[PDB]
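Here the structure comes first, spelled out in structure tokens, and everything after it is commentary.
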Amino acid sequence: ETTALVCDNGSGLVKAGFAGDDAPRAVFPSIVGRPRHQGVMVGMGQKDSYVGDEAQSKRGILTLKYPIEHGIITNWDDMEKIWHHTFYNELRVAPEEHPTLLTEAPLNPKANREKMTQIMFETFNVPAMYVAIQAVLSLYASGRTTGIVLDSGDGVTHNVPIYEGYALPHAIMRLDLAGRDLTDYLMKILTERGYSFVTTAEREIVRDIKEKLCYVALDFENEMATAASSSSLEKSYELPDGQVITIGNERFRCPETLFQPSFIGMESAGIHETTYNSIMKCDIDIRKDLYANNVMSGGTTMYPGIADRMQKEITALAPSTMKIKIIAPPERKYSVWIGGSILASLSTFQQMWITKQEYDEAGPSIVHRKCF
Amino acid sequence: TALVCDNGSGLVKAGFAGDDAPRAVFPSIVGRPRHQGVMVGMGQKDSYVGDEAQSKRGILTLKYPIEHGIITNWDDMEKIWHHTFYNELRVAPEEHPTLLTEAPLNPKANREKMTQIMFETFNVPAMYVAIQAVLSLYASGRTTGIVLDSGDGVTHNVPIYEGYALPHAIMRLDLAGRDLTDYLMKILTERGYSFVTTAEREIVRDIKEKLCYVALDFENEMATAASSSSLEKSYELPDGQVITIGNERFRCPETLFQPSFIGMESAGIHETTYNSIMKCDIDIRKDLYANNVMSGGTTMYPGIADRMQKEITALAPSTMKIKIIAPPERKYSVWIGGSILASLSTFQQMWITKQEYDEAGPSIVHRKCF
Amino acid sequence: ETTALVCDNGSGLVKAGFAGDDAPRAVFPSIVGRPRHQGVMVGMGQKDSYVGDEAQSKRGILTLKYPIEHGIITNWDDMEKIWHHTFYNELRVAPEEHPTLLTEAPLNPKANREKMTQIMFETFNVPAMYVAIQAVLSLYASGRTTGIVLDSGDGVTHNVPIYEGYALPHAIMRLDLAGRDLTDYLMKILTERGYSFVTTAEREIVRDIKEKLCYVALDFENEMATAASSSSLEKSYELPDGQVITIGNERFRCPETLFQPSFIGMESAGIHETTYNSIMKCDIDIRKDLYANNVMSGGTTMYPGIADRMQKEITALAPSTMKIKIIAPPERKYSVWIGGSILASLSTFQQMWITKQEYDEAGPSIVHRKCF
Ligand SMILES: Nc1ncnc2c1ncn2[C@@H]1O[C@H](COP(=O)(O)OP(=O)(O)O)[C@@H](O)[C@H]1O
Ligand SMILES: Nc1ncnc2c1ncn2[C@@H]1O[C@H](COP(=O)(O)OP(=O)(O)O)[C@@H](O)[C@H]1O
Ligand SMILES: Nc1ncnc2c1ncn2[C@@H]1O[C@H](COP(=O)(O)OP(=O)(O)O)[C@@H](O)[C@H]1O
Ligand SMILES: [Mg+2]
Ligand SMILES: [Mg+2]
Ligand SMILES: [Mg+2]
């Protein structure tokens, strides 16, 4: 009778809702904003902190902080504020009568999961909770059991291969390059045309420009030559103060760091090379079934050129007698949450929760013996 | 309707007595999971038997219950027999007498535990145990001759005169297709290919079944392979990679004629056959030389009959006629001979029934059975 | 007076010197470093590549490559640079007056040995060269003639049984699990405490941590229990930037992969089981002398718990009436080189060289005729 809750706490967005539904009920940014200027009018309900869309609307007088960086919760009072906001104000529920399913990136610190368990059991005390891997939930939402998931969000980009319900944890790859790094690189290369975005409020403007105007080039050198020849690739964007800026090659130089990390000084290889190395680290008899089942999930995989570029690069890397298929659904921005809405709804899952009695018996160390 | 089951070291060939071909031919492997299961909307078993193992071997560790002809694991043999009776044949073992096969020169406790398991767990009205090379001679339409039975675990040379095997001339060589698969895995490291896992052992087995052959003259074949690339052949891996082998095609089966390639003390199959013939009386040696019968899958290399003819002609006296019979269906020849034997009229009183097992115990198979 | 050179080209280190000496004169890493950034100051040297210790000195601005992976040379131009820096910079000799002795792991590709012979004879042109197995040189240095040698370095762990100078080829076993895989596994499991190491320069730091702090437990489960029970097995290490890390139970989980290869996803058996299988593939009358003369060589056999653990495991596998003695010399990090100098200083080895005229007559295939 008790309805389970599915909460996906990424680095940039919080997607929370109920199990068994199709879409998340509450999608809001994971920001806590605090005032930085001098308040002069008395009273009028001035608050010392702002969470979510209220922090985004008043961001001209606020300093915005993200509690999670690179998939790791760095500030815990702000994370308590985020969880209190998504339980009492957005979802409008009482957490003492709802089990909770949370998500986590692979190769994370164990103390993050231990403190998530301790805070969910001692502050918002739940009957049950469970922490799950996001790529497994993406594979649940895809409707299949075999595939290699490339999940790229705001802090982490990770590859997880799964064959017939069995994961290969030695081939799991994690890269700390995601949409916030692309936002910072776009902020850096916007100064070549004279545009200066420095403050934490203007990072959101640069993120909006990246979401609206950036795309992935199929050929990088041909697109650079096309931009250098004619002004057919230039687009205009209107700033909130009415200013109009114009960008050319910076539309496709920004997500190219996903394929050339050396643009931001990283020594690692691209996401296509990471996916190929994750496939080639698996057993030989499963690789074919991986090659036809490349699944992309997350916001950073939402550029309108990325599936064709990934297919071209993997087809260049793979032998020619193999079929390479990139699976990009239109709902892949929320796919992890949809997997939670599947996984908490299964009758075979209800014995996998971590109850309060088990937490009192074992402490906050049962989350490693219970969750993978 | 009787049941004929050939439980080889590498394959299981089972069917009904009277049919001309086996109905269930599947690998004798048990696969178990190796990695961490993360999805709960799945069947999620713990043991896979047969082709279901071969369709899932990339996440599985494979085990053979039979090693070098003798049964090492009896729980896995129970699983093999259960899958044979209930999933591949769709029969009830309470209604059908079952014929079983056994390699010659084997420990007696293997037959003891075979009869005990077949009468206590998979209860049959009757059962019988037969020698494989005798059935392979029976399937070829003759009653006198020498059978070279080479399979997955053992190679045997059995001479049979007037339907009776001669036990003082039965020769056993502990070299068969599993050792050839492992030797091919060892010698593919020279060209840079690494095969370690039990799943890749099946890939190398497929390579051996597809590309290898027997050279007529080994030194001349090695000379021609080192002169030009006219013997190189290509194979496409399951992941799309292309490998090329030039002289491993004939070096791997040469262990049948030179067993020291894998470090075994015994002589080759030609000397083994000549020794098995030469232990017999002089008046039957002409019939044994004229009736050489090949059997099993390891005799399916496309050069083995001519090479065996050349070597036995070299060993034998020059006035002796050497004829080697290699039937095209010799991969299924123990089963066909068992089908012929189980469909005979007078064989029906040679069944070991359950009442005689109750009155005797797990030792009747050494008195009523051979 | 043409003294011979003994050069051991491992996967991680190069140990080179003169025959007759008791210690290698040049021990340096087998790396080539190339710049990953741009040079803004002019008037310097600024060479395009760095070999050996100079690559390790400025590894923060270089990406590092190993020309030898799992005992097999993959990059041959980098191996040209390594051998040139060995002959002309670390030894200061001209390799036209010294015959050379090289080492190779067993069950290697034939093209590696053919190309080594070719590059020795018409690039660094030598009067003579020989290629020898490493484990027989370890037994030559150990002073015995019968026994089974476990050589474990940076790329290949191999077991070779030798009876009265006869290497037994059908019981030689090879595993591609060595110290580099251990370094990668420690790099992976260091992310549980939050320590993230990504670049190729940080792999050297993790290798230094492994060399300083890791050890082999006698009983793994009791060690895990006492690590979880008390904070008495923790140790601290200082990074180059001054930060301090602490590891408690990663010290014995990292070399547990040598005994449980399933930690990195491999299906193979442990080194103790490989040793027992190598002994069981020998003749039945020589297994007593092989069980009494177990010799450990290489750098991965330098953990300070490995001899007692190997003794316990082999005594478990062996029959109860057998005597098991495992010999670990204190100088076993350089044991292939010492036996190589012993072999090259012998009077009856002077007919076993491959001369230049023989290479001219027979081409680069006489190394399969004159060398084992
Ligand atoms: N259409 C789009 N094009 C490019 N980037 C996008 C798009 N939509 C969202 N993003 C990026 O995705 C990132 C977060 O995606 P998501 O994975 O849904 O959140 P989280 O990482 O918090 O789970 C943001 O940094 C945002 O810039
Ligand atoms: N075309 C072929 N060429 C060479 N060997 C083969 C061929 N087909 C099958 N084999 C070998 O025959 C062996 C098994 O044959 P068979 O005797 O029918 O089974 P079992 O040995 O279990 O009785 C396998 O190990 C396989 O390697
Ligand atoms: N004291 C030690 N403890 C643990 N590992 C060590 C120790 N000393 C060396 N090693 C490891 O041994 C490896 C190389 O050893 P060695 O066999 O001497 O070189 P190579 O493998 O190049 O021949 C290095 O990767 C290093 O990590
Ligand atoms: Mg996310
Ligand atoms: Mg058979
Ligand atoms: Mg070495």
Side-chain angles (χ1 to χ4, degrees), chain C residues 1-10 14-27 79 82-84 86-88 90-106 108 110 112-147 149 151 160 162-169 172 295 297 331 334-372:
Chain C
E1 293 290 328
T2 60
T3 170
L5 293 168
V6 182
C7 173
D8 180 279
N9 300 93
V14 183
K15 280 87 63 183
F18 293 88
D21 300 332
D22 47 355
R25 192 166 295 181
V27 179
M79 207 64 206
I82 289 285
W83 273 324
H84 186 91
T86 298
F87 287 145
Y88 291 89
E90 290 278 307
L91 257 52
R92 275 87 56 86
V93 292
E96 320 163 354
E97 332 165 40
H98 311 277
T100 172
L101 178 78
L102 308 175
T103 63
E104 199 172 35
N108 237 29
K110 318 258 291 306
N112 205 30
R113 193 182 281 191
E114 295 199 17
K115 283 200 66 59
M116 280 164 72
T117 313
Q118 180 174 23
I119 194 193
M120 279 303 155
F121 273 132
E122 51 182 334
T123 302
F124 302 104
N125 47 286
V126 288
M129 67 98 58
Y130 193 85
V131 180
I133 309 297
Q134 308 177 14
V136 303
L137 298 182
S138 292
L139 205 65
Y140 289 165
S142 72
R144 297 145 156 84
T145 45
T146 166
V149 186
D151 187 282
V160 175
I162 299 124
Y163 181 81
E164 306 289 332
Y166 304 135
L168 309 183
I172 290 177
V295 173
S297 173
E331 59 269 32
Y334 329 102
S335 277
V336 186
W337 189 93
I338 294 183
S341 63
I342 288 177
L343 185 59
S345 298
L346 251 40
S347 56
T348 144
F349 187 75
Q350 305 298 320
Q351 295 89 295
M352 299 175 58
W353 296 100
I354 301 175
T355 69
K356 178 65 178 179
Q357 299 179 0
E358 292 177 0
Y359 172 76
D360 297 356
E361 288 180 350
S365 62
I366 198 179
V367 80
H368 302 321
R369 167 150 63 94
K370 254 196 167 178
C371 295
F372 246 122

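What you see below is based on every heavy atom in this structure, not just the backbone, and it leaves out hydrogens, waters and symmetry mates. Convention: sequence-line order gives letters A, B, ...; per-chain numbering from 1.
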Any side-chain heavy-atom pair of [X] and [Y] under 4.5 Å:
X	Y	result
C:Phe121	C:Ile354	yes
C:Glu1	C:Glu97	no
C:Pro95	C:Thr100	no
C:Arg113	C:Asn108	no
C:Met79	C:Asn9	yes

Not counting sequence neighbours, which residues clear side-chain contact (heavy atoms from CB on, under 4.5 Å) with [X]? List them please.
X	value
C:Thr3	C:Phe18, C:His98
C:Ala141	C:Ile338
C:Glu90	C:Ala26, C:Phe28, C:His85
C:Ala23	none

Counting neighbours of [atom1] on [X] that are heavy atoms of other residues, nucleotides or ligands and sit closer than 6.0 Å, is the number greater than 12?
X	atom1	value
C:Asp22	CG	no
C:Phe349	CZ	yes
C:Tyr334	OH	no
C:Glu164	CD	yes

Residues passing the side chain to side chain donor-acceptor pair (under 3.5 Å) test with C:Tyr359, sequence neighbours excluded, are C:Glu122

C:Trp337: partners by side chain to side chain donor-acceptor pair (under 3.5 Å), with sequence neighbours left out: none

Backbone N or O of C:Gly20 within a donor-acceptor pair of the C:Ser345 side chain at under 3.5 Å? yes

Flag, side chain of C:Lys370 to backbone of C:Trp353, donor-acceptor distance under 3.5 Å: yes

[atom2] on [Y] to [atom1] on [X], rounded to 0.5 Å:
X	Y	atom1	atom2	value
C:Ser341	C:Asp8	OG	CG	11.5 Å
C:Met120	C:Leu101	CE	CG	10.5 Å
C:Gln134	C:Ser335	CD	OG	11.5 Å
C:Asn125	C:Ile119	CG	CD1	11.5 Å
C:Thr117	C:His368	OG1	NE2	7.5 Å
C:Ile342	C:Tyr140	CD1	OH	10.5 Å

Looking only at heavy atoms, which two atoms of [X] and [Y] are closest? And how far apart?
X	Y	result
C:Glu358	C:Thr355	CG-OG1, 3.3 Å
C:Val336	C:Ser138	CG2-OG, 3.4 Å
C:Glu96	C:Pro127	O-CD, 3.6 Å
C:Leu137	C:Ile133	CG-O, 3.3 Å
C:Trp83	C:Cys7	NE1-SG, 4.0 Å
C:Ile172	C:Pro106	CG2-CB, 3.7 Å

Between C:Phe124 and C:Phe87, how do the two ring planes meet: parallel, tilted or perpendicular, split at 30° and 60°? perpendicular

Relative to each other, are the rings of C:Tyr88 and C:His84 parallel, tilted or perpendicular (30° and 60° limits)? parallel

For the side chain to side chain contact (heavy atoms under 4.5 Å, CB included) test, which of C:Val149, C:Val295, C:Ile162 pairs with C:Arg144? C:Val295

